[PDB]
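Coming up is one lone chain in structure tokens, specifically the form deposited in one PDB entry.
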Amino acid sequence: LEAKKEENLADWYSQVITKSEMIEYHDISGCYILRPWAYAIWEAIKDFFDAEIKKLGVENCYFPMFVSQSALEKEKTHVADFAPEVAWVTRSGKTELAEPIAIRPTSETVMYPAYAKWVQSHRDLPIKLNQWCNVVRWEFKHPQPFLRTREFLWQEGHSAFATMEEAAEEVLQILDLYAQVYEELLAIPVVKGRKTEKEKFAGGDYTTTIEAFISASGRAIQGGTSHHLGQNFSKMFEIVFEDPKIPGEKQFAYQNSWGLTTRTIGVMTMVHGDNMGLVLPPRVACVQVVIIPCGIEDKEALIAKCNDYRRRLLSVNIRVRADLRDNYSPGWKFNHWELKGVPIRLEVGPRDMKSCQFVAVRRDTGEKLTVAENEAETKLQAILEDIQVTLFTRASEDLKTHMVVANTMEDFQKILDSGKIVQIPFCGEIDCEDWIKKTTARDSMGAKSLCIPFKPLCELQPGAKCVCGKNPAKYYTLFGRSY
């Protein structure tokens, strides 16, 4: 690893993801290979989120990836803000197809015709379906592994309800699960808020989101989305149910949709990584503890003690690997598993082995702890938990010191250009948000809105005006440069 994070973040990020064996590059621009080390992190996210939504009654399924040309021309609002982001398949080999079919940028147009057929009575509600699949979102920006990719893995849940009350409560419930994925699994603090009318999901009623901050570049990034679609989609696809008491009365269902992608892994890398490579939170680390024989007569004695620790950690269900390979130097193994971000390195040397003790090296801080043999299960469990909270507390210390309030325009400008995100009084108008992005690049890149936070840092002053100095302010809005 040659590049430094605080200097050239782009070169550092490329070396960290590749030398840790997370990502390989593909011949198709914007497409990246998810190697096992990174795929296991997605599986840890998948295992947590799947078990949580099944408590809410959500069931897993799989819908086709192709969208017909007629189905996309259904909702006029959903097709406009998505057509340039859709790749079309027009031929099979040397034979043109009947009609050009589209690769899914999202599965609203695929599932909701089926929802209309499944929903006829009030007993058929609520429908709660989820799928883990890939999605092709063609775009024109600069692709980045995990962060901005033309193909990415995600889950997308789509729920239909008989009332808007229950639909509104699922939006926040799923958004809170997304917050737990970032805060409790990846040790990343997020800000929960609402998207502005300019950046909300097209055709939906409102979009909620979680925003994470990357202090290495001073830019924020959207971590997830939970949309309330209202009856907009159910009216165009005719998702209607019969009234359970009023004979013959039919009502359009209230729908939601929510997604979480593999950019979680990229935000984990950007926030926690250092100049020695990746840093994995123990909650999602494929290997939490790596056992390395040091000082490698009684050679079989040292190897069997490594196997004793390996099985003792498996009994308390700690993900452990014993690198017993004789082809590489111990110092080589030290650097190999540090680049890969293993939270704890367990070193067993001949002297320590005969003393019934070992050395545990913390990946986050580099601290070396000498631990006795009998305390291996309890101590290593305590260090792993201490690593998880340390990563979260240090990440939140960056968020608290890089998100502040500004009530005028150029103080919002002055704080922004120092690598921060700012909450400002905003009128919420779309034409005003265009001027903000143009002025932020005028007086780099132009700052766009991130979210209208639920719990802002400060409450709005009575009668406070927007930063544009032309319309009254509706709410504090978190602005800043974004990926």
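Quick note: we count residues from 1 along the sequence shown, nothing fancier. Superpose the two forms; the largest set of C-alphas matching within 1.5 Å is the rigid core.
The form deposited in another entry exists for this protein as well; it is not shown, and the discussion that follows is about that form.
Q: Please name the one residue from 161, 82, 309, 252 with a C-alpha displacement of 2 Å or more between this form and the one not shown, using the rigid core for the superposition.
A: Flagged residue: 82.
Q: After a core superposition, would you say residue 96 shifts its C-alpha by at least 2 Å between this form and the one not shown?
A: Yes, the C-alpha position differs by at least 2 Å between this form and the one not shown.
Q: On a core-based superposition, does residue 142 travel 2 Å or more at its Cα between this form and the one not shown?
A: Yes; that C-alpha moves by at least 2 Å between this form and the one not shown.
Q: Has the Cα of residue 452 moved 2 Å or more between this form and the one not shown, judged after a core fit?
A: Superposed on the core, residue 452 moves its C-alpha less than 2 Å between this form and the one not shown.
Q: Quick one: residue 157 and residue 72 C-alpha atoms, closer or farther in the other entry compared with this form (3 angstroms or more)?
A: Here the pair is closer than in the other entry; there, farther apart.
Q: Flagged pair residue 226/residue 83: C-alpha distance shifts by 3 angstroms or more in the other entry. Which direction, closer or farther?
A: Compared with this form, residue 226 and residue 83 lie closer in the other entry.
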